[PDB]
Each structure stands twice: as structure tokens, then as C-alpha cells.
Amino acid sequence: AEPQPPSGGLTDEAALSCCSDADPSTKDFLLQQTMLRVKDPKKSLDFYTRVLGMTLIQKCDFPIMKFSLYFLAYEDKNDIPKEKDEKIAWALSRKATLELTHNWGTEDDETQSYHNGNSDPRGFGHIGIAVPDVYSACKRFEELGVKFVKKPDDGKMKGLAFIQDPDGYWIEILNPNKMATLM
């Protein structure tokens, strides 16, 4: 192949040609969790449960290695099994869970903070919550003192916001029905 001018995006045809159908060995795979490290689980738990309305579905403590895992999800607390074995199997088979990792001590270290991936070095950008109404969700967020990266009507793309959690991780607030207009 001879050298080509700067490509640009992939075309739809190009992207589609890079995609294979799902092998039957993957048919039961599910995207179960996204893991973020948190400095202070008290502030993180208050933010994800009170501000965003998630439920704590599982807490795991590792006394020797000195860390805790918190699993948050949009689940009715009435569906949490009472028996601890059944609870962990149910929690870790939920789609779309958020795993917070607390390395014991980070809440007592004034020089410690995690990196949100949205400045050098970049990688992870954000989690995103679909909401029925971005403007009313963001008005409530304002009233609860939530720090904003992008208010819904600031920047080029109207109807879409970014807030941050107590560690500074970016959270997109989007309305699926308004994303078509943004194209």
C-alpha cells in the first residue's frame, strides 16, 4: 500500500468492517462494573446515594490488604438478598454497577488525591447517567451544591451536562431523546 493523505474519522462502512458477530461462547457475557478509586467513602457514598439516587448493593472488606469495595447500582433495595452468599452473587451479576475502591488511609492523607483522566495523562473520561429531564436534574444538583464541569446550556452542545463527584470524576447527565438533535 502507498502512503495515504490524513484519513479523518473511520467511515460507517470502515467501522462496520472492523466488527464481527458475537461468538456463541460470549452470548451470556454482561458489562457488570466500572471501578473508580475514592479518597473518602463517606463523601462518595453520600454523593452516589443521596445526590444521584444509587443503592449500595454490596460492601466487601479486606482487613489484611486494608481496602474496601463498594458496589452501587440503580436497584430496588427490596431485591437485595438477605443471605450473604446469595447477596454477593446477585450484586455481582447486576449490569451497570459502579465499584468504588477505598484504599484505607487515603481519607487521612492531605497530599493524596486521585486523577479523573481528563487532563494529562488522559484515558478514562466519564460515567454517564440517562435522566428524563437534564434541566430539572441539574437545577436539583445546583441546589445540593454539586460542582459542574459543564452546565446544560453552556458550551456548543445544549441539553447535555457534566458534574463531578467528590473525587472530581466527570459524570455526563444526558437525555437519550435529545441526543438525536445534537447530531
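If you superpose the two forms and keep the largest set of C-alpha atoms that fall within 1.5 Å, you have the rigid core. All residue numbers are counted from 1 along the displayed sequence.
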query: Between 35-43 and 62-70, larger RMS Cα displacement in 7 other deposited structures of this protein after core fit; finding: 62-70
query: Entry-level comparison of average CA B-factors, 167-175 and 9-17, reporting the higher stretch; finding: 9-17
query: Higher-scoring stretch by recorded Cα B factor average, 59-67 or 34-42; finding: 59-67
query: Residue with maximal Cα B-factor (values as given in the PDB entry) among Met157, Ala130, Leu144, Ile127; finding: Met157
query: Peak C-alpha temperature factor (PDB record), options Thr97, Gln112, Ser93, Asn103; finding: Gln112
